[PDB]
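final30.pdb (PDB, C-alpha atoms)
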```
MODEL        1
ATOM      1  CA  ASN T   1     -14.447 157.223  88.661
ATOM      2  CA  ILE T   2     -14.489 156.486  92.413
ATOM      3  CA  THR T   3     -14.845 160.040  93.706
ATOM      4  CA  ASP T   4     -14.373 160.363  97.453
ATOM      5  CA  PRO T   5     -17.324 161.651  99.501
ATOM      6  CA  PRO T   6     -17.406 165.449  99.785
ATOM      7  CA  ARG T   7     -16.114 166.990 103.003
ATOM      8  CA  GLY T   8     -17.955 169.589 105.060
ATOM      9  CA  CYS T   9     -21.619 170.441 105.493
ATOM     10  CA  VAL T  10     -21.767 173.941 103.966
ATOM     11  CA  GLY T  11     -19.142 173.839 101.217
ATOM     12  CA  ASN T  12     -20.755 170.838  99.528
ATOM     13  CA  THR T  13     -23.833 171.926  97.558
ATOM     14  CA  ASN T  14     -24.005 169.049  95.077
ATOM     15  CA  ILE T  15     -24.777 165.338  95.020
ATOM     16  CA  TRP T  16     -21.839 162.938  95.037
ATOM     17  CA  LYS T  17     -20.914 161.388  91.695
ATOM     18  CA  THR T  18     -20.471 157.978  93.334
ATOM     19  CA  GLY T  19     -24.187 157.298  93.679
ATOM     20  CA  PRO T  20     -26.091 154.334  92.253
ATOM     21  CA  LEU T  21     -22.865 152.498  91.410
ATOM     22  CA  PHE T  22     -21.754 152.741  95.045
ATOM     23  CA  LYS T  23     -25.121 151.463  96.281
ATOM     24  CA  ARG T  24     -25.090 148.567  93.804
ATOM     25  CA  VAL T  25     -21.538 147.654  94.834
ATOM     26  CA  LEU T  26     -22.432 147.838  98.531
ATOM     27  CA  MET T  27     -25.463 145.588  97.971
ATOM     28  CA  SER T  28     -23.306 142.925  96.321
ATOM     29  CA  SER T  29     -21.376 141.191  99.134
ATOM     30  CA  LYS T  30     -22.141 137.476  99.506
ATOM     31  CA  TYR T  31     -20.025 135.673 102.103
ATOM     32  CA  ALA T  32     -20.247 134.262 105.646
ATOM     33  CA  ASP T  33     -19.628 137.239 107.939
ATOM     34  CA  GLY T  34     -20.816 137.718 111.503
ATOM     35  CA  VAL T  35     -22.796 135.477 113.820
ATOM     36  CA  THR T  36     -25.812 135.468 111.500
ATOM     37  CA  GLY T  37     -23.610 134.674 108.502
ATOM     38  CA  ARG T  38     -24.631 134.444 104.835
ATOM     39  CA  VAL T  39     -25.042 138.183 104.313
ATOM     40  CA  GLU T  40     -27.648 138.281 101.513
ATOM     41  CA  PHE T  41     -29.078 141.778 101.905
ATOM     42  CA  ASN T  42     -31.072 142.650  98.785
ATOM     43  CA  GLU T  43     -34.348 144.301  97.715
ATOM     44  CA  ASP T  44     -34.638 147.280 100.111
ATOM     45  CA  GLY T  45     -31.260 146.386 101.638
ATOM     46  CA  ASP T  46     -32.198 143.748 104.211
ATOM     47  CA  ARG T  47     -30.934 140.203 104.666
ATOM     48  CA  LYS T  48     -32.953 137.059 103.953
ATOM     49  CA  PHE T  49     -33.504 133.611 105.490
ATOM     50  CA  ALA T  50     -32.809 134.356 109.154
TER      51      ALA T  50
ATOM     52  CA  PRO B   1     -61.452 179.039 111.036
ATOM     53  CA  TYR B   2     -61.809 181.841 113.592
ATOM     54  CA  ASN B   3     -62.285 184.607 110.980
ATOM     55  CA  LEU B   4     -58.676 184.499 109.818
ATOM     56  CA  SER B   5     -57.274 187.592 108.106
ATOM     57  CA  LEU B   6     -54.442 186.876 105.682
ATOM     58  CA  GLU B   7     -51.120 188.663 106.180
ATOM     59  CA  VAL B   8     -48.135 188.358 103.837
ATOM     60  CA  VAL B   9     -44.623 188.725 105.275
ATOM     61  CA  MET B  10     -41.876 189.045 102.659
ATOM     62  CA  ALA B  11     -38.730 187.301 103.935
ATOM     63  CA  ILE B  12     -36.406 189.282 101.694
ATOM     64  CA  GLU B  13     -32.643 189.292 102.195
ATOM     65  CA  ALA B  14     -32.836 192.797 103.696
ATOM     66  CA  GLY B  15     -33.086 193.406 107.421
ATOM     67  CA  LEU B  16     -36.337 193.859 109.292
ATOM     68  CA  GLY B  17     -37.710 197.388 109.334
ATOM     69  CA  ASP B  18     -40.614 199.654 108.525
ATOM     70  CA  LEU B  19     -41.894 199.379 104.962
ATOM     71  CA  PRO B  20     -40.956 202.523 102.991
ATOM     72  CA  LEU B  21     -43.171 204.322 100.495
ATOM     73  CA  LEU B  22     -40.398 204.985  97.976
ATOM     74  CA  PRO B  23     -38.833 202.860  95.195
ATOM     75  CA  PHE B  24     -35.082 202.434  95.703
ATOM     76  CA  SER B  25     -32.914 200.650  93.124
ATOM     77  CA  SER B  26     -29.541 199.247  94.194
ATOM     78  CA  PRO B  27     -27.187 196.617  92.736
ATOM     79  CA  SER B  28     -27.782 193.136  94.128
ATOM     80  CA  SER B  29     -24.834 191.604  95.971
ATOM     81  CA  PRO B  30     -23.863 187.946  95.481
ATOM     82  CA  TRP B  31     -25.498 185.384  97.741
ATOM     83  CA  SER B  32     -23.590 184.065 100.738
ATOM     84  CA  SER B  33     -22.055 180.621 100.250
ATOM     85  CA  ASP B  34     -23.119 179.472 103.739
ATOM     86  CA  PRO B  35     -26.665 178.019 103.713
ATOM     87  CA  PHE B  36     -26.807 177.721 107.516
ATOM     88  CA  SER B  37     -27.005 181.510 107.873
ATOM     89  CA  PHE B  38     -29.879 181.609 105.380
ATOM     90  CA  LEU B  39     -31.656 178.810 107.254
ATOM     91  CA  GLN B  40     -31.254 180.610 110.584
ATOM     92  CA  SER B  41     -32.472 183.888 109.073
ATOM     93  CA  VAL B  42     -35.514 182.155 107.576
ATOM     94  CA  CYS B  43     -36.295 180.480 110.903
ATOM     95  CA  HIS B  44     -35.968 183.755 112.823
ATOM     96  CA  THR B  45     -38.136 185.666 110.336
ATOM     97  CA  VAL B  46     -40.793 182.934 110.398
ATOM     98  CA  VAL B  47     -40.798 182.848 114.209
ATOM     99  CA  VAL B  48     -41.050 186.646 114.407
ATOM    100  CA  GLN B  49     -43.853 186.755 111.831
ATOM    101  CA  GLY B  50     -45.521 183.607 113.179
ATOM    102  CA  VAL B  51     -45.750 182.226 109.650
ATOM    103  CA  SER B  52     -47.988 179.177 109.325
TER     104      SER B  52
ENDMDL
END
```
Once you've parsed the file, please lay out its structure as structure tokens.
Amino acid sequence: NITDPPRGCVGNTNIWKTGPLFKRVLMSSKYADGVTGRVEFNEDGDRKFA
Amino acid sequence: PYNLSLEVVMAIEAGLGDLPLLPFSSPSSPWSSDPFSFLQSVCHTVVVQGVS
């Protein structure tokens, strides 16, 4: 059920099916990436312990 | 304030023109699928009417 994002700005007149599941999946990565490392973005979508 | 007098401008889908004193009945055409044209028309009508 991973529907691709709709294309265009006028043809699309509906909300994408991939909604809360996509956000929950995106806010689920926990590894050591980047200079800051330890990507632990949660709550509103911001990292912790910088 | 400033002794405001209320005016109502009907932003109907028809073009701007003098208000007629006669009831005309016609079949309604389907709405355009492009919302940008509707947005531009609304903006132009509001600017012309000075709608608050």
Problem set entry | Counting all atoms listed in the file, chain B residues within 8 Å of chain T, as an MDAnalysis selection string | chainID B and resid 33:36
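We find atom CA of residue 10 of chain B and atom CA of residue 27 of chain B to be spaced 19.3 Å apart.
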For this session: Starting from the shown file, work through the PyMOL selection byres ((chain T and resi 49) around 10) and note down what comes out as a PyMOL selection string.
Result: chain T and resi 36+38-41+47-48+50
For this session: Excluding segment 47-50 of chain B and residues on its chain fewer than 3 positions from it, collect all residues at most 12 Å away from it, counting all atoms listed in the file, and give them as a VMD selection string.
Result: chain B and resid 7 to 11 16 40 to 44
Set the distance at 12 Å and use all atoms listed in the file: which residues neighbour residue 1 of chain T once local chain neighbours fewer than 5 positions away are removed? I'd like the list as a PDB file with C-alpha atoms, in the frame of the given file.
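Written output follows (part.pdb):
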```
ATOM      1  CA  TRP T  16     -21.839 162.938  95.037  1.00  0.00           C
ATOM      2  CA  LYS T  17     -20.914 161.388  91.695  1.00  0.00           C
ATOM      3  CA  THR T  18     -20.471 157.978  93.334  1.00  0.00           C
ATOM      4  CA  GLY T  19     -24.187 157.298  93.679  1.00  0.00           C
ATOM      5  CA  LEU T  21     -22.865 152.498  91.410  1.00  0.00           C
ATOM      6  CA  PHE T  22     -21.754 152.741  95.045  1.00  0.00           C
TER       7      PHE T  22
END
```
